[PDB]
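Pasted below: upload.txt, compact mmCIF, C-alpha atoms and all ligand atoms.
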```txt
# COMPACT_ATOMS: atom_id res chain seq x y z
CA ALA V 621 -49.05 23.30 -26.23
CA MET V 622 -46.94 26.39 -25.54
CA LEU V 623 -47.14 25.83 -21.78
CA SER V 624 -46.24 22.15 -22.15
CA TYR V 625 -43.26 23.04 -24.34
CA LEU V 626 -42.12 25.76 -21.93
CA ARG V 627 -42.40 23.30 -19.04
CA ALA V 628 -40.29 20.81 -20.99
CA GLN V 629 -37.63 23.48 -21.52
CA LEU V 630 -37.87 24.76 -17.94
CA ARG V 631 -37.66 21.27 -16.42
CA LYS V 632 -34.52 20.43 -18.48
CA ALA V 633 -36.36 17.81 -20.50
CA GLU V 634 -34.30 15.08 -22.17
CA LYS V 635 -35.15 13.05 -25.27
CA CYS V 636 -36.37 9.55 -24.37
CA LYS V 637 -35.76 7.07 -27.19
CA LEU V 638 -36.70 4.02 -25.07
CA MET V 639 -40.00 2.33 -25.92
CA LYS V 640 -42.04 -0.75 -25.05
CA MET V 641 -41.84 -3.84 -27.25
CA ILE V 642 -44.27 -6.72 -26.72
CA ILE V 643 -44.15 -10.14 -28.41
CA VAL V 644 -47.48 -11.98 -28.63
CA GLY V 645 -48.81 -15.18 -30.16
CA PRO V 646 -49.91 -18.77 -29.57
CA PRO V 647 -47.42 -21.38 -28.34
CA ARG V 648 -44.69 -22.70 -30.64
CA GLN V 649 -44.46 -19.94 -33.26
CA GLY V 650 -40.86 -18.68 -32.99
CA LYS V 651 -41.20 -15.60 -30.78
CA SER V 652 -37.79 -16.12 -29.19
CA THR V 653 -36.26 -17.04 -32.55
CA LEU V 654 -37.75 -13.84 -33.98
CA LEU V 655 -36.20 -11.71 -31.25
CA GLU V 656 -32.85 -13.50 -31.49
CA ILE V 657 -32.41 -13.18 -35.25
CA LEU V 658 -33.60 -9.57 -35.23
CA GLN V 659 -31.17 -8.70 -32.42
CA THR V 660 -28.17 -10.49 -33.95
CA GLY V 661 -28.86 -10.82 -37.67
CA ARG V 662 -27.58 -14.41 -37.52
CA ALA V 663 -29.26 -17.81 -37.52
CA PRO V 664 -30.55 -18.69 -34.03
CA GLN V 665 -28.20 -20.37 -31.55
CA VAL V 666 -29.82 -19.94 -28.12
CA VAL V 667 -31.93 -22.58 -26.39
CA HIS V 668 -34.74 -20.57 -24.83
CA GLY V 669 -36.44 -21.38 -21.55
CA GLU V 670 -39.99 -22.36 -20.67
CA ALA V 671 -40.60 -19.20 -18.61
CA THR V 672 -43.91 -17.46 -19.28
CA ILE V 673 -42.07 -14.13 -19.64
CA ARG V 674 -38.64 -13.24 -21.02
CA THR V 675 -37.29 -9.70 -20.70
CA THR V 676 -34.36 -7.98 -22.40
CA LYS V 677 -33.21 -4.82 -24.19
CA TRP V 678 -32.59 -4.14 -27.88
CA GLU V 679 -31.05 -1.25 -29.83
CA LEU V 680 -31.75 -0.60 -33.53
CA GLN V 681 -29.61 1.68 -35.69
CA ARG V 682 -31.31 3.66 -38.43
CA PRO V 683 -31.13 1.95 -41.85
CA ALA V 684 -29.76 3.53 -45.00
CA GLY V 685 -32.19 6.05 -46.47
CA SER V 686 -33.85 6.66 -43.10
CA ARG V 687 -35.39 10.11 -42.59
CA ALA V 688 -35.72 9.55 -38.83
CA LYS V 689 -34.85 12.22 -36.26
CA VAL V 690 -32.90 9.71 -34.12
CA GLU V 691 -29.59 7.97 -34.70
CA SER V 692 -31.05 4.83 -33.11
CA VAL V 693 -33.98 3.56 -31.05
CA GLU V 694 -34.15 1.37 -27.96
CA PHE V 695 -36.73 -1.21 -26.89
CA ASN V 696 -37.43 -2.61 -23.44
CA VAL V 697 -38.41 -5.99 -24.85
CA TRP V 698 -41.11 -8.07 -23.17
CA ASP V 699 -41.90 -11.54 -24.55
CA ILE V 700 -44.90 -13.22 -22.89
CA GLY V 701 -45.99 -16.81 -23.46
CA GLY V 702 -46.06 -20.11 -21.60
CA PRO V 703 -48.96 -22.38 -20.65
CA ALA V 704 -52.38 -21.37 -21.95
CA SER V 705 -53.69 -21.58 -18.37
CA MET V 706 -52.09 -18.17 -17.68
CA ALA V 707 -53.41 -16.59 -20.89
CA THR V 708 -56.09 -14.74 -18.90
CA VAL V 709 -53.28 -13.47 -16.68
CA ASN V 710 -51.06 -12.42 -19.57
CA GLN V 711 -53.78 -10.07 -20.85
CA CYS V 712 -52.83 -7.64 -18.08
CA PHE V 713 -49.38 -6.97 -19.56
CA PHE V 714 -50.76 -5.25 -22.67
CA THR V 715 -50.66 -1.44 -22.49
CA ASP V 716 -51.23 1.53 -24.78
CA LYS V 717 -48.60 3.60 -26.61
CA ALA V 718 -46.36 0.56 -27.09
CA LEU V 719 -45.13 -1.48 -30.05
CA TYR V 720 -46.57 -4.98 -30.51
CA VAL V 721 -45.50 -7.86 -32.73
CA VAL V 722 -47.68 -10.96 -33.17
CA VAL V 723 -45.89 -14.13 -34.30
CA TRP V 724 -47.56 -16.93 -36.24
CA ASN V 725 -46.44 -19.86 -38.38
CA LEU V 726 -46.85 -19.51 -42.14
CA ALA V 727 -46.88 -23.31 -42.53
CA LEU V 728 -50.24 -23.49 -40.76
CA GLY V 729 -51.49 -20.63 -42.93
CA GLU V 730 -55.20 -19.97 -42.60
CA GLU V 731 -55.47 -22.25 -39.55
CA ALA V 732 -53.20 -19.85 -37.67
CA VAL V 733 -54.61 -16.70 -39.28
CA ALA V 734 -58.09 -17.28 -37.88
CA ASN V 735 -56.64 -17.61 -34.38
CA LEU V 736 -54.81 -14.31 -34.88
CA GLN V 737 -58.08 -12.41 -34.43
CA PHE V 738 -58.15 -13.53 -30.79
CA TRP V 739 -54.67 -12.19 -30.12
CA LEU V 740 -55.31 -9.09 -32.23
CA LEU V 741 -58.48 -8.27 -30.33
CA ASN V 742 -56.67 -8.78 -27.03
CA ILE V 743 -54.33 -5.93 -27.94
CA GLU V 744 -56.97 -3.53 -29.25
CA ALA V 745 -59.00 -4.14 -26.09
CA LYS V 746 -56.17 -2.50 -24.10
CA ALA V 747 -54.08 -0.60 -26.68
CA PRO V 748 -56.24 1.70 -28.84
CA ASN V 749 -53.29 3.99 -29.73
CA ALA V 750 -50.69 1.28 -30.36
CA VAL V 751 -49.08 -0.08 -33.52
CA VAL V 752 -49.06 -3.88 -33.81
CA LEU V 753 -47.20 -5.75 -36.53
CA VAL V 754 -47.96 -9.37 -37.41
CA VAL V 755 -45.20 -11.58 -38.80
CA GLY V 756 -45.32 -15.00 -40.41
CA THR V 757 -42.50 -17.38 -39.53
CA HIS V 758 -41.35 -20.57 -41.19
CA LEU V 759 -41.08 -18.82 -44.61
CA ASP V 760 -38.46 -21.47 -45.43
CA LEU V 761 -41.32 -24.01 -45.26
CA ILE V 762 -43.11 -22.12 -48.08
CA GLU V 763 -42.03 -23.13 -51.57
CA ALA V 764 -40.13 -20.27 -53.19
CA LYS V 765 -41.71 -20.87 -56.61
CA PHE V 766 -45.23 -20.48 -55.19
CA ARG V 767 -44.15 -18.11 -52.42
CA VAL V 768 -45.45 -14.85 -53.90
CA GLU V 769 -48.90 -16.13 -54.85
CA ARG V 770 -49.02 -17.79 -51.44
CA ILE V 771 -47.87 -14.96 -49.18
CA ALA V 772 -49.92 -12.28 -50.94
CA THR V 773 -53.02 -14.44 -50.60
CA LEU V 774 -52.29 -15.01 -46.92
CA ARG V 775 -51.58 -11.30 -46.53
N1 LIG G 801 -37.37 -23.61 -40.01
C1 LIG G 801 -37.80 -22.53 -39.30
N2 LIG G 801 -38.04 -22.68 -37.97
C2 LIG G 801 -38.46 -21.64 -37.22
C3 LIG G 801 -38.66 -20.34 -37.87
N3 LIG G 801 -39.08 -19.49 -36.91
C4 LIG G 801 -39.14 -20.19 -35.75
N4 LIG G 801 -38.78 -21.47 -35.93
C5 LIG G 801 -38.73 -22.53 -34.89
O1 LIG G 801 -39.33 -22.08 -33.68
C6 LIG G 801 -38.60 -22.59 -32.56
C7 LIG G 801 -38.58 -21.56 -31.43
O2 LIG G 801 -39.92 -21.44 -30.95
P1 LIG G 801 -40.28 -20.67 -29.59
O3 LIG G 801 -40.20 -19.17 -29.77
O4 LIG G 801 -39.39 -21.13 -28.45
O5 LIG G 801 -41.80 -21.13 -29.36
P2 LIG G 801 -42.70 -20.53 -28.17
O6 LIG G 801 -43.01 -21.61 -27.16
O7 LIG G 801 -44.00 -20.03 -28.76
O8 LIG G 801 -41.96 -19.40 -27.49
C8 LIG G 801 -37.20 -22.93 -33.06
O9 LIG G 801 -36.84 -24.24 -32.62
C9 LIG G 801 -37.29 -22.90 -34.57
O10 LIG G 801 -36.99 -24.19 -35.11
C10 LIG G 801 -38.38 -20.25 -39.32
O11 LIG G 801 -38.52 -19.18 -39.94
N5 LIG G 801 -37.96 -21.36 -39.95
```
What does the file become when written as C-alpha cells?
Amino acid sequence: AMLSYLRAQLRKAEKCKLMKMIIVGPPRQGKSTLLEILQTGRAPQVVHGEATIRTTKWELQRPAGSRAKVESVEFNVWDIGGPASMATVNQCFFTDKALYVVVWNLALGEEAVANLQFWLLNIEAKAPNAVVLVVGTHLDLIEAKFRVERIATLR
C-alpha cells in the first residue's frame, strides 16, 4: 500500500470522480424516462429513439447533509436495450466496479419481479464487486392509499 501511494504521489496522480453507470431492464419500463427525470428533475419531455444503446454524461451535486469527500460525482451513462434478439449480445457490456440500475414497472408487480432475477443474475455473472440498484417505475399507477402496504410487500 505504501508503494502504491508513493507511486500515486510520484506520478502526479489526480482524483478521478468519473464512474460507469449502466441502465438495465426488460423492454418498455422507463429507462430513458428514469435517466431524463433524474438528470433534469422535471417531468419528461424528450422522445427517445429505438437505438439499442444510448450514451450520455451526468453530473450529480452532493445533497444537503452529505458526508461525501467530493463536491460532485460524474457518470458516463450507458443505457442498453432494444430488441430481445440482441440480449445475448448486450450481456458483453456489463463490467465490474461500475454502478448498475435495473428498471421495472411497479404496475406489473410480481410478474416483473420474477423476471428481475434474470437481469440481476446477468450482472452478478460479470460484476461481482458492483453495486446494482433496482427501481420500480409507474408509482403513479399505484394507489396512494394502499401504496405503503403495496410497495413494502413488493420490496
Ligand atoms: N405514468 C408513468 N409513466 C412512466 C413512468 N416511468 C416510465 N413511464 C413511461 O415509460 C415510457 C418510456 O419508456 P422507455 O424507457 O422508452 O422504454 P424502453 O423501450 O424500455 O427504453 C414513457 O412513455 C412513460 O410514459 C412513471 O413513473 N409513470
Would you give the centre and edge lengths, in Å to one decimal, of a box along x, y and z around the listed atoms of segment 745-753 of chain V, with 6 Å added to each side, as AutoDock Vina command-line options?
```
--center_x -53.1 --center_y -0.9 --center_z -30.3 --size_x 23.8 --size_y 21.7 --size_z 24.4
```
Hey, can you check how far atom CA of residue 740 of chain V sits from atom CA of residue 686 of chain V?
28.8 Å
Would you list the residues that come within 7 Å of ligand LIG 801 (chain G)? Count all atoms listed in the file and give the answer as a short mmCIF file (atom, residue, chain, number, x, y, z; two decimals) with C-alpha atoms, in the frame of the given file.
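Wrote it out as selection_10.cif, contents follow:
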```cif
data_model
loop_
_atom_site.label_atom_id
_atom_site.label_comp_id
_atom_site.auth_asym_id
_atom_site.auth_seq_id
_atom_site.Cartn_x
_atom_site.Cartn_y
_atom_site.Cartn_z
CA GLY V 645 -48.81 -15.18 -30.16
CA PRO V 646 -49.91 -18.77 -29.57
CA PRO V 647 -47.42 -21.38 -28.34
CA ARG V 648 -44.69 -22.70 -30.64
CA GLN V 649 -44.46 -19.94 -33.26
CA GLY V 650 -40.86 -18.68 -32.99
CA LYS V 651 -41.20 -15.60 -30.78
CA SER V 652 -37.79 -16.12 -29.19
CA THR V 653 -36.26 -17.04 -32.55
CA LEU V 654 -37.75 -13.84 -33.98
CA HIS V 668 -34.74 -20.57 -24.83
CA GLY V 701 -45.99 -16.81 -23.46
CA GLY V 702 -46.06 -20.11 -21.60
CA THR V 757 -42.50 -17.38 -39.53
CA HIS V 758 -41.35 -20.57 -41.19
CA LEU V 759 -41.08 -18.82 -44.61
CA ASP V 760 -38.46 -21.47 -45.43
CA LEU V 761 -41.32 -24.01 -45.26
#
```
If I put a ball of radius 12 Å at (-38.4, 11.9, -28.5) in the file's coordinates, which residues poke into it when counting all atoms listed in the file, written as number ranges by chain?
V: 628, 633-639, 688-694
Hey, what's within 6 Å of segment 719-723 of chain V if we count all atoms listed in the file and toss same-chain stuff fewer than 6 positions away? As a PyMOL selection string, please?
chain V and resi 640-645+751-755
Name the closest residue to residue 729 of chain V among the candidates V:762, V:774, V:655, V:666; distances are taken between atoms, counting all atoms listed in the file.
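Result for the nearest residue to residue 729 of chain V: V:774.
Across the structure, atom CA of residue 749 of chain V and atom CA of residue 718 of chain V are spaced 8.2 Å apart.
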